[PDB]
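Side chains included, hydrogens not; waters and symmetry mates left out as well; all remaining heavy atoms used. Chain letters run A, B, ... following the sequence lines, proteins first and then strands; every chain starts at 1.
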Amino acid sequence: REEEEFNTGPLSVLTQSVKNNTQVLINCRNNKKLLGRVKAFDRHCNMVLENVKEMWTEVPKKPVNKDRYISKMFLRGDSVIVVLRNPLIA
Amino acid sequence: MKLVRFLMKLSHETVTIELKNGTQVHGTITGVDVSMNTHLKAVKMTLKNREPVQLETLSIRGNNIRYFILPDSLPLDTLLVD
Amino acid sequence: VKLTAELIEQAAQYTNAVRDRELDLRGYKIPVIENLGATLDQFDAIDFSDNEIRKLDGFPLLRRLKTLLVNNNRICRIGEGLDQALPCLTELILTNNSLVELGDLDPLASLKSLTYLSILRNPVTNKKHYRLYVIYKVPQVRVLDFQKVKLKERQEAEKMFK
Amino acid sequence: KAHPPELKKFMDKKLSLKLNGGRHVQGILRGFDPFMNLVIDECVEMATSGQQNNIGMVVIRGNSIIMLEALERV
Amino acid sequence: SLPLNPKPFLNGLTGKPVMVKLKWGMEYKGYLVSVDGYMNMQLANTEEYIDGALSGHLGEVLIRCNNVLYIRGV
Amino acid sequence: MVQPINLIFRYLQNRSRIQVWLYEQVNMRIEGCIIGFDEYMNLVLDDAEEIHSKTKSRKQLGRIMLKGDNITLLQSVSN
Amino acid sequence: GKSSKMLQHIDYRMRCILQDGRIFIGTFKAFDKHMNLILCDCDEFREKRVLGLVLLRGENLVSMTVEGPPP
Amino acid sequence: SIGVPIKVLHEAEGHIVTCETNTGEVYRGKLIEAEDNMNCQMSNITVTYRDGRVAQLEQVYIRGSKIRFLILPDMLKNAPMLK
RNA sequence: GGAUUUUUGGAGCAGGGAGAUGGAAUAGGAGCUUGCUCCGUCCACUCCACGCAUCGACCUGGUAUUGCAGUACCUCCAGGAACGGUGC
C-alpha cells in the first residue's frame, strides 16, 4: 500500500534519485536552489543529501548572485518548494 | 524509512541548524525527540545582521528549523541501517 | 560579613512590585560592594538597603542592572567607572547617605541612562543651589528627590555657572 | 476529540467577523461546524473606503477567522 | 452536469498537458504524470512561467500540495 | 442550523456562479461555477475566471481545481 | 527515550524568543505536547514590559535557553 | 488527553485576563468559556490591540488558531499548579 | 500520527516622484592615480500627496475630583506631534 504508492506516485521521482544516484535540484522558499544527489528520503519529504551546491542572489541591503557547496546536509520537507529532476549527472 | 530515528541517533555530534529567519545555531546535538526537539549544549547562534552569541544550552523546535548541516566525517551509510 | 559568592547564592531573589527581578541583600552589613559576578546579570534590581558601603564602586559589567537601592548607608563617594559597568542604570536611590559635597555628584554625570535620582536626607542637599547644580551637572535625570524637573529649573541651572 | 466550538449561544445573532488580510464582515450566523466554518446570511462586508457591500449568504472558513464579536446581547 | 469529485478528476487528468500555478506567482506547465492522494503532482517536460512570460524548461518537476495554489487543464 | 457542507452541496446542485477570495491575498480572487466538492473543500470550477481588483481585469482559465487551504471566503453572485 | 529534556528545565527561569523578534523571560512551570509554556512573572524585552503570568502558545516559539538560577 | 496549560487556562475561567492575538489584538475581560482548543469566549470584553484601537464590546470570541499568548493573573500559580 | 486551532510553515520581496541640493575620513568601476565626467546602494532638509485617516502610550499650560483597593487604560480643554500597529 505505502510502498506501491511511494514507487508509483510522485515519490518515485524521489526514488529514482536514490536508486540510480542521479542529481536533482531543490528550490526552497528562501530563493535558494540546491543541486545534489538525494541519499535519504521519507514520507514527509525529509531529504538528506550529499555533495550539494546551493546558489542564490543577495542584495547589499546593484545586487549580486552567489553560490556555495556543502559536503552533506539535511533539509526538511516543509521548506522544500520545488523539486526538479534532470539528467545533469551525465 | 523514518527520518526521526536517524536524527535521534546523531547525538554527541557538532552540527549546525539554519532556521527560517536566517539564524544559524552551531552546536553539539545532545537531545532529539520524536517531534525533532533539538536540545544542544554550548551552542553559538548568529541571527540576521547580528552578532554571534554563545549559550551554554539551547532548545530549538522542529518546525522552526529550515535546514541542517552535518560534518563530512559522519557515517551516514552506517546510521541509515535500522 | 563581606559580600561574597556564597552570600549572593544564598540570598533571596524574587519579583518586586514593578515586575522586575530583585534580589534582597538587606541585613548583611557589607562594608564594600564586591563579588557581584555570581549573579551573571540575571537581576534587574539590586536591594542593598541597610548596609555599611562607603563607596559605590567595584561593580562588574551588568547590562541588566537598572535599579540600585543604596538607602540607609554611608556612601560618601561615587566611582568614575559607573558608566562602563552599568550602561542601563536608570534608578539610583541614594537617600540617607554620607554625601556632603557636590563634587561627589560629578562621576554621576556619566550615567546617560539615569533618570530617577534620590539625594534626600543628605548634607549635600542642604548646601546652597544643590538642586540647580544637580540639574546642571546631570541633565539626563528627569526626577530628582521625587520631584519632576521643569523648564524653569533647567533654565535657572543653565543660566548660573555657565 | 474533535469537539465543536461553543456557538450555540451566538445562533441567529448579528455578529461581526474579522478575516485575514484585514477583512471585516457583519451578519447573522445560521449554523455551526466543527471546522470553525460559519454561514452568514445577508452578510455585509466593509470595503477599504468605508462603504458596506451586501454579499448575501457567505461561508467563512476557520483557517482565516481572526475574531468574532457579537453585536447583540446574548 | 453530474457532480464530479476532485479525485477522479485528478486521476483522469494524467497524461494531459495542464498548468499548475503556485501561491508565489510562478506556474509550471507540462504533462501530468503522477498524482497521489495527498494532492502531490509530478510532471514531465515542465516549463516555468513567471508574470506571463516563459522562463525555461526543467523536465520532471515535483510540486507538493502546500505550495501549489491552483491547476488548470489545457 | 444550516451546515456549511449542506450549503456547498446546495450551491453545487443549483450550479450558481460563486466568487472565492484567497487567503492573505485581497487583490486577486476567483469566480466560477462549483461542480463538485470533497472533504478537503476542493472546488472544481468550470469556466473559471481570475478577477484582479487592482488592475480591473478578468482572465479566464477554464476547468480549475482550487484547494480548500487557500479559499478564505466564498460568496454567491448573480452573474 | 527518557524524555528528560523538558523536565530538567522545570521551575527555572528561561528566556524564549518569539517569531516576531520578542523575548519573554519567565519561570517555566509546565508544558504539554503542543509546547505550551507557562511563564510566571515574565518580562518582555525587544524596552521592559510588565506582563506577569504569560501563557504563550507553542506555535509562536522559536528557541529557548536558560536565563539564570531558579528563585 | 488534557494538557496542564490547558487545565490552567480552563481553571482560570471567570477572572479578569487578556488574550493577545498573532495580529496584536488583545481581548481583555472575564473568560466565560475556555475550551481545550484555546477557544476564548468572553462577555463584556474590551479590545486593546497593538494597533491601539481600544473599544468595548458585549461579547467577543477569539479562536486558538490566531491566538499568540494569554496574560492571566497570578492567583492560580500557587496551588494546585505546584508540581 | 504532512488536509482548517499548535510540529513538515502562505511564505518571500520592495519602500512614491523631482530638484544646477550635500557627504563615502580608510572601501566602486570606466575615460588605465591625483582634478573632472557618467552610472545599478543611505541619511538631513525642501516641494508635490507634512504619504493619508484612526486609536493607544507621551509633553506643556489651565482645570475638576480628597476618594480604603486589588487593576487591559482612566477627568476635560488646546497646541505639538519623538513612538506603536491597522487599511489604501
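- Base stacking between strand neighbours I/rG62 and I/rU63 is detected by the criterion of six-membered ring centres within less than 5.5 Å and interplanar angle below 30°.
- With its glycosidic angle within 90° of 0, I/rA27 adopts the syn conformation.
- Between I/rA27 and I/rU8, neither a Watson-Crick nor a G-U wobble pair is formed under the 3.5 Å criterion for both distances.
- Distance check on atom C1': I/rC52 versus I/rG15 gives 16 Å, rounded to whole Å.
- With P as the reference atom, I/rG87 and I/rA11 are 16 Å apart, rounded to whole Å.
- The base of I/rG56 engages I/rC83 as a Watson-Crick or G-U wobble partner, both distances under 3.5 Å.
- Pucker assignment for I/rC47 gives north. The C1'-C2'-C3'-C4' angle has a positive sign.
- Sugar pucker at I/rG70: south, on the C2'-endo side, as the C1'-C2'-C3'-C4' dihedral is below zero.
- Here I/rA44 sits opposite I/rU21 as a Watson-Crick or G-U wobble pair (both hydrogen-bonding atom distances under 3.5 Å).
- The torsion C1'-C2'-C3'-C4' is the criterion here, and for I/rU46 it is positive, giving a north pucker.
- Comparing I/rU34 with I/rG28, their P atoms sit 10 Å apart, to the nearest whole Å.
- Separating the P atom of I/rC77 from that of I/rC55 is a span of 12 Å, rounded to the nearest Å.
- The base of I/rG87 engages I/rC52 as a Watson-Crick or G-U wobble partner, both distances under 3.5 Å.
- The six-membered rings of I/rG19 and I/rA20 are unstacked under the 5.5 angstrom centre distance and 30 degree angle criterion.
- For the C1' atoms, the distance from I/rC88 to I/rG80 is 27 Å, rounded to whole Å.
- Nucleotide I/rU33 carries a north sugar pucker, as its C1'-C2'-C3'-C4' torsion angle is positive.
- Under a stacking criterion requiring six-membered ring centres under 5.5 Å apart and planes under 30°, the adjacent bases I/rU41 and I/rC42 are classed as not stacked.
- Going from the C1' atom of I/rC76 to that of I/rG84 covers 25 Å, rounded to whole Å.
- Nucleotide I/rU60 carries a north-puckered sugar, as indicated by a positive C1'-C2'-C3'-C4' torsion.
- Comparing I/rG19 with I/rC48, their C1' atoms sit 12 Å apart, to the nearest whole Å.
- Under the Watson-Crick or G-U wobble criterion, with both distances below 3.5 Å, I/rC32 has no partner in any strand shown.
- When all heavy atoms of D/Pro5 and D/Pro34 are compared, the closest pair comes out as CD-CA, 4.1 Å.
- Bases I/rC74 and I/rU75 do not qualify as stacked neighbours, criterion being ring centres under 5.5 Å and ring planes under 30°.
- Remark: I/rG10 and I/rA11 are not stacked on each other (six-membered ring centres under 5.5 Å, interplanar angle under 30° not both met).
- Spacing of P atoms, I/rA18 relative to I/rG40, comes out at 11 Å, to the nearest Å.
- Geometry at I/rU6 and I/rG10 does not meet the Watson-Crick or G-U wobble definition with both required distances under 3.5 Å.
- Because its glycosidic torsion is more than 90° from 0, I/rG16 is reported here as anti.
- Taken as a pair, I/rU5 and I/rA25 do not qualify under the rule of Watson-Crick (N1-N3 plus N6-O4 or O6-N4) or G-U wobble (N1-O2 and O6-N3), both under 3.5 Å.
- Within the shown strands, I/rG79 is the pairing partner of I/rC59 under the Watson-Crick or G-U definition, both distances less than 3.5 Å.
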